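What follows is a short report on a single structure.
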Number of protein chains: 2
Amino acid sequence: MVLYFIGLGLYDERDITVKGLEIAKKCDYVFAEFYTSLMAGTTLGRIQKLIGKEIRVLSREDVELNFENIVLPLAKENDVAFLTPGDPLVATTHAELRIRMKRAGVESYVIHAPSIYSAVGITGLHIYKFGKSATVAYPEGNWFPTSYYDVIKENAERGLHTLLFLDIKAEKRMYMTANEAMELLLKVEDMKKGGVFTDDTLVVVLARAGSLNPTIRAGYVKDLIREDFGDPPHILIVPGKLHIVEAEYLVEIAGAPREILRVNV
Amino acid sequence: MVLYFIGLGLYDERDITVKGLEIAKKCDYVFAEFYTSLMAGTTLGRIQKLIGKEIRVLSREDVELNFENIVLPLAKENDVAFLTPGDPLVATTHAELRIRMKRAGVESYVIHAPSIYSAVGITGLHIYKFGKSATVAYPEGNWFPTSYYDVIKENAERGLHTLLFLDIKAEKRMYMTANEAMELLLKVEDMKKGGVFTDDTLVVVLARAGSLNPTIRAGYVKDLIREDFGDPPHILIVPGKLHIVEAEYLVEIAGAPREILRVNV
Ligand SMILES: Nc1ncnc2c1ncn2[C@@H]1O[C@H](CSCC[C@H](N)C(=O)O)[C@@H](O)[C@H]1O
Ligand code: NA
Ligand SMILES: [Pt+2]
Ligand SMILES: [Pt+2]
């Protein structure tokens, strides 16, 4: 009868909510996708064991082109679950999926889970101060995306922080590191020369949020661009004018240079 | 003392994550606070029953002024859990708390949970398009705050959505409804004449996020300002120019007027 959008959380299979687990356990069919993000702390096997169901993993093409062709033949007889990393509707196009299903006569429910979008709070940066978000995409051939640079510019001018989701090619097992995003940004700066992202820009890196020991680091690009932040996933943040308490957190928790406390300079 | 910040999630006692529940059960002492927000879909008794541990509630004062005298000296040699609605560290007081503990030589870990910041994704509005967020506070005495109005203007001006939290008196359990928020915003519009919030402005109201049956409504102020959105807490969002996909989602899921497909896209 119905379709469940169930988020699995940030890091591992335990990041799912109790609500999500109890509902997943009782679904007749369980589908999942693992291309919108990376859950570096678990495996398909562990998730299957926790839920006690066999999980059919879908590729991006299966979902975007054949979702209703794969699910309709079931959702019309049985309860179906669709599992995704983090929160199913955050920084994905899965919301549009609910539209398809509804037009096809299948009602759906969403079960939220920890998302990187709110997890940024662990960096000490005021979540309300974040502005428009962007994604740093891998260049492809001659195509070199650069719009994320303009987003940073617009937010920074307003004194707002910029959350930069990093690119991922799940089928090639390529997960963009914060180091790589910084290299790409330095190159876009070299081209545009807007003084938006340079060696002296203060950035914040959050790696593997959701794990008990995520990597939280802050400092100037020149010092962090070659630093090892551990395995992916990574998220990069370009803060705006800092609040003193934001600077305190970055210094005391993220090991930032004590000089940022002079938010005046 | 190792301190575990554990988020309780959006609505009820099942919104905590499997990870949070298990860690909370392993902790010798479990504290909680419900002053930053309330868990409107459940009760302390129900959360206590699920966690299977005695839950010691702490007031805003207990936390901000005496946390080191209550939690620490109690949990000399043990692990302590501190339960908070939503996702820990989203609220500023939690981040400050972590800094304080670190200075006191106390290490802490964070177990994330769904936050309203990511949950709003259920409105169909793309998360990347949200800009600076703000809170609508009641005017009182000789004080009439209006900054939240400027936040809307700056965001919408750039085609960004504005997430608006509504005033809450946790201790007294009093909430500002979306209706009241709308009246206040119109009152501010009359004072500023910015053409930012009027009877023709498109807004979205979200209530009981986390619940399996949340209330998601979209429409013009003139139509929504007297609608019954149910029990608080409510969340008000003033979107910017809509993506056609966003608009279709609002029409088909949040019952928005077909009219938005040509007026707000
Ligand atoms: N646990 C994590 N730690 C650090 N970054 C993460 C992360 N999870 C996701 N990200 C970031 O977000 C990108 C995927 S976008 C999908 C986000 C997911 N829907 C959610 O709600 O969390 C990743 O490439 C990475 O840039
Ligand atoms: Na935001
Ligand atoms: Pt989208
Ligand atoms: Pt919250």
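Lettering of chains follows the sequences in order, A, B, ..., and the numbering in each one begins at 1. In listed order, ligands and their atoms are each counted from 1. Side-chain atoms are counted along with the backbone in the values below, which use heavy atoms only and exclude waters and symmetry mates.
Nearest-residue assignment for atom 22 (O) of ligand 1 (options A:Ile116, A:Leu38, A:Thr135, A:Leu8; heavy-atom criterion): A:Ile116. Nearest residue to atom 1 (N) of ligand 1 from A:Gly210, B:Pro114, A:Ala209 is A:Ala209 (criterion: closest heavy atom). Among A:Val205, A:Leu236, A:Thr36, A:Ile168, the residue whose heavy atom sits closest to atom 15 (S) of ligand 1 is A:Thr36.
With respect to atom 2 (C) of ligand 1, the closest heavy atom belonging to the protein is A:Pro233 CG, 3.4 Å. With respect to atom 8 (N) of ligand 1, the closest heavy atom belonging to the protein is A:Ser37 OG, 3.6 Å. The protein atom (non-hydrogen) at minimum distance from atom 21 (O) of ligand 1 is A:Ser115 OG, 2.7 Å. When hydrogens are left out, the protein atom nearest atom 19 (N) of ligand 1 is A:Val90 O, 2.7 Å; that is the closest non-hydrogen contact. Remark: minimum distance from atom 24 (O) of ligand 1 to any protein heavy atom is reached at A:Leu166 O, 2.7 Å. Distance from atom 11 (C) of ligand 1 to its nearest protein heavy atom, with residue and atom name: A:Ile235 CD1, 3.1 Å. The closest protein non-hydrogen atom to atom 25 (C) of ligand 1 is A:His234 O, 3.2 Å.
Between A:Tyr117 and ligand 1, no N or O atom pair is found at a separation short of 3.5 Å. In terms of polar-atom proximity, defined here as any N/O pair under 3.5 Å, A:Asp87 does make such a contact with ligand 1. On a distance-only criterion, A:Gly86 and ligand 1 share no N/O pair closer than 3.5 Å. Checked against a 3.5 angstrom limit, the closest N/O atoms of A:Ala207 and ligand 1 fall outside it. Every N/O-N/O distance between A:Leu164 and ligand 1 stays at or above 3.5 Å.
With 3.5 Å as the limit, one finds no donor-acceptor pair spanning the side chains of B:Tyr11 and B:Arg208. For B:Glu180 and B:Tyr175, the side-chain atoms include no donor-acceptor pair closer than 3.5 Å. Inspection of the A:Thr42 and A:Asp12 side chains reveals no N or O donor paired with an N or O acceptor under 3.5 Å. With hydrogens and angles left out, the side-chain atoms of B:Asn155 and A:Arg158 include a donor and acceptor closer than 3.5 Å. When only modelled atom types and interatomic distance are considered, A:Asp62 and A:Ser59 share a side-chain donor-acceptor pair under 3.5 Å.
With rounding to the nearest 0.5 Å, the separation of CD1 in B:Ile152 from CG in B:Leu164 is 4.5 Å. Here A:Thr215 contributes atom OG1 and A:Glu227 contributes atom CD; the two are 8.5 Å apart, rounded to the nearest 0.5 Å. Rounding to the nearest 0.5 angstrom, the gap separating the NE2 atom in B:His112 from the NZ atom in B:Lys19 is 9.0 Å.
Other residues, nucleotides and ligands contribute only 12 or fewer heavy atoms inside 6.0 Å of the CZ atom of B:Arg173.
The distance from ligand 1 to the heavy atoms of A:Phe165 drops below 4.0 Å at these ligand atoms: 12 (O), 15 (S), 26 (O). Of all the atoms in ligand 1, the ones that sit under 4.0 Å from a non-hydrogen atom of A:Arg208 are 3 (N), 4 (C). Near A:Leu206, meaning under 4.0 Å from any of its heavy atoms, are these atoms of ligand 1: 4 (C).
Ligand 1 has no atom lying under 4.0 Å from any heavy atom of A:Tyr11.
In this structure, A:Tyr117 and A:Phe165 have parallel ring planes: the angle between them is below the 30° cut-off, well short of the 60° mark.
Residue A:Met176 does not touch ligand 1, judged by heavy-atom distances below 4.0 Å. Contacts between A:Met39 and ligand 1 below 4.0 angstrom, taking non-hydrogen atoms only, are absent altogether.
Look at B:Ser133 and the Na ion (ligand 2): no N/O/S atom of the residue is under 3.0 Å from the metal.
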Please lay out, stage by stage, how B:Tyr249 and A:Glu96 fare under the test side chain to side chain donor-acceptor pair (under 3.5 Å). CA-CA 7 Å; B:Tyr249 186 102; A:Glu96 183 265 337; over 6 Å; no
Check step by step if side chain to side chain donor-acceptor pair (under 3.5 Å) holds for A:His126 and A:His243. CA-CA 8 Å; A:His126 293 323; A:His243 272 75; 4.6 Å; no
Pair A:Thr84, A:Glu33 - check side chain to side chain donor-acceptor pair (under 3.5 Å), show working. CA-CA 6 Å; A:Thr84 74; A:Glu33 60 86 354; 4.5 Å; no
